[PDB]
């Protein structure tokens, strides 16, 4: 978007994003906020209204006290991988927590972008009343839910296809155009949702 809208959304994010105590790459943390600032301001203002916080983490997720209960827990589908929640860089839903530096695909996660995927979960659940489970989205998901790949994950859980599609829509113009070409109904759905 234009530089002015980005600055306005960053001002909104200043009352949403919470930075960690420990040491971390300040420039990369700022880059994560810049990418979050591409999300439509209506969604950001709604997260602010519900007092949702986006906690950026300087270390492992499970080294935060509020998530210490996840230490040693094996995520769904990760059995036999030798990996646990200790290795998970982000989560989204009723809360959002994101490890600084793990934005890009493959940094311990399969999303096109960590912060947009997880924040999409929170928007889905807190702002949009679990719209990813709506009848309208289910029909779209049945047709297009496999077209971003990861067929046995994104294609099985509409909440994950929604979050990944949301991330594609708002990350950059390239992922936005790829979404329109691969998932035209999902693209139009997200386009109207922001109107």
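Residue numbers count along the first chain shown, from 1.
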Practice problem: Between 69-77 and 100-108, name whichever shows the higher mean Cα B factor according to the PDB entry. | Solution: 69-77
Exercise. Between 127-135 and 158-166, name whichever shows the higher mean Cα B factor according to the PDB entry.
Key: 127-135
Self-check item: Position of residue 34 among the chain's modelled residues by C-alpha B-factor, lowest, middle or highest third
Solution: lowest
Quiz item: Against its chain's modelled residues, does residue 12's Cα B factor rank lowest, middle or highest third?
Solution: middle
Practice problem: Would you please rank residue 140 by its C-alpha temperature factor against the other modelled residues of its chain and give the third it falls in: lowest, middle or highest? | Solution: middle
Self-check item: Third of chain Cα B-factors occupied by residue 82
Solution: highest
Quiz item: Mind checking which third residue 94 falls in for C-alpha B-factor across the chain?
Solution: highest
